[PDB]
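Okay, so we've got a single protein chain in two different forms coming up as structure tokens, structure 1 first and structure 2 after it.
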Structure 1
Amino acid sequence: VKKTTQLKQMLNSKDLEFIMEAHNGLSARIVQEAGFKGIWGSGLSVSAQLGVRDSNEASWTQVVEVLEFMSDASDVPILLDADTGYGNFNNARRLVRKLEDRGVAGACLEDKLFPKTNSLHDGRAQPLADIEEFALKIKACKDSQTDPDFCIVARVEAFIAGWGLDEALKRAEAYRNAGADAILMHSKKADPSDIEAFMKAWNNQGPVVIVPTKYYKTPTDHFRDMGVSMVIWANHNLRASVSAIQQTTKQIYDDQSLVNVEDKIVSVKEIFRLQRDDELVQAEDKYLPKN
């Protein structure tokens, strides 16, 4: 069961699926250990851990390198938030090849311009890619694949860009017909209005993916009611990690002692176990001259 196949099956499953954000090898392993069937390589969380902005500042090969360590450290599929493809169809298809090679299950591309701006920002230019063009990019990525099960998810930032339903629906149809394996309908509204609207008008033309970050209060079962195939928990490991580090850093700063953190944080032996140090020990005993 290759990772691509897994991700393909989750997207194609009538049953509602869940992938969780990870932004590095360590968090990739954790998401997997918790039982999640999938991982979301958040464009924002990856750039965030690096300390840069979610606006194509890190190079795409740097994004892929980060993701390489993530693939190596996980057995479950990683869908990478690949922004706009980092350029035209050619940059797009080249990225798809690097992704397959590293074991990454799929890439998600958004109909915006390079470089992009995070979707959660209010009052900022959020210009769209010409529909017909973005579709060819979708198709060029699909055509370029070597692995049939690799997934290409198209993201309609129409609602995000302030446009209406007709626009969103138009784009979705265009990219699904272009071969996309699922359509990601985004919105920043605090309510599920836009999703409710698209889904109603979509008439199950294809698996749909959503990012409930801004309307988190919405009852999950409601997504099943609408018939969404997969939900993406987009950035909570990143956000929790900050709290923990800010709180821990503050506490250690103030007390100039480790006394007040030792019991609130994981042990050194838990780290060693997450790196699979026992496997090296096994191997060391096996490939190193006994004495």
Structure 2
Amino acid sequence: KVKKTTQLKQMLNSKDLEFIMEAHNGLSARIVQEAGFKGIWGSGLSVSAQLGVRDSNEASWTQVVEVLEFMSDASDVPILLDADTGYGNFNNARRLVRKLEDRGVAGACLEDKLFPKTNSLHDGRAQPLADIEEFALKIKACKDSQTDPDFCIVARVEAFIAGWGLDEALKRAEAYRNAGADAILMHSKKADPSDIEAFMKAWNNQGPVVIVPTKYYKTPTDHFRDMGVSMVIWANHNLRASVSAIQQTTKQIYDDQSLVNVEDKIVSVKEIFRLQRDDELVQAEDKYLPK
């Protein structure tokens, strides 16, 4: 086999546009794999949401790592985890990376936002971000700490999101890429791809770029290919679909006080057993238990 880390690294450096799909628990990870996706996106929003908490580092980094451990155990394709800012400074970030590596996770995506939120000024001006040298050094520490040379570090640049412009975005991307980032994730808050286009034009293909088209989803996918984008992340759609189904199913049963109107609309219990790989255990039990 090919290591999961190697699988992800090849995807980031390939000449084709690659896609990874959001999963938020072991069950969704297996479903994503069975569908044919070559990679999984461990969404920070999805993992926190399934736990019932906010996407503001309320769950501890070890609790996040445990969710991902079950996800990694349930899939053969690489998982790239959204690790926010690394849960602290360079030291907390490299400790996280080593634990992820040991659990089979393929890479981690770190962002250059200030953590945690210390002020509440809600004006209309740009938001200060982590110092560029500090973040670049954080990326360097993670790369230096890896025991698997193919584990990936993706740097998420928050320049556009925070209200700054192309110049700030480019400076940060170049700095992180020079520090060893395996890819740059360029995001924006616009409902169109303009920030992405401006960046790809100025970037001059200095390294793989990852994008998240959630808000500009009507953009033709071939346009990303034309721009030389390396990977697209479908960020949170399984979580969103799960919520719609659970809200709908729950209301139906609540209203009917019966299962008649949901039984034919959901997978069978046997399909759950199949997704749990119950057959493999049945066989193991017949081989390892006395008759």
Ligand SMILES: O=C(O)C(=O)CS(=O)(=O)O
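Start at 1 and count along the sequence of structure 1; that gives the residue numbers used here. Residues that one form lacks are left out of the comparison. Superpose the two forms; the largest set of C-alphas matching within 1.5 Å is the rigid core.
Chemist: Can you spot the form deposited with this ligand bound among structures 1 and 2?
Modeler: The form deposited with this ligand bound is the one given as structure 1; the other form is structure 2.
Chemist: Quick check on the comparison between structure 1 and structure 2: with the core aligned, only one of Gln126, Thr218, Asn88, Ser144 should show a Cα shift of at least 2 Å. Which one is it?
Modeler: The listed residue whose C-alpha shifts by at least 2 Å is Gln126.
Chemist: Verify the C-alpha shift of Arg102 between structure 1 and structure 2: is it 2 Å or more after superposing the core?
Modeler: The answer is no; the displacement is under 2 Å.
Chemist: With both forms fitted on the core, give yes or no for whether the Cα of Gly206 moves by 2 angstroms or more between structure 1 and structure 2.
Modeler: No, the C-alpha position differs by under 2 Å between structure 1 and structure 2.
Chemist: Is there a C-alpha shift of 2 Å or more at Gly179 between structure 1 and structure 2 once the rigid core is superposed?
Modeler: No, the C-alpha position differs by under 2 Å between structure 1 and structure 2.
Chemist: So with the rigid core superposed, the C-alpha of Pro115 shifts by how many Å between structure 1 and structure 2?
Modeler: Its C-alpha position differs by 3.1 Å.
Chemist: Core superposed, what is the CA shift for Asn24 between structure 1 and structure 2, in angstrom?
Modeler: After core superposition, the C-alpha of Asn24 moves 0.3 Å between structure 1 and structure 2.
Chemist: Residues present in both forms only, core superposed, 2 Å C-alpha shift required: which runs of three or more differ between structure 1 and structure 2?
Modeler: Only one moving run appears between structure 1 and structure 2, namely 115-127.
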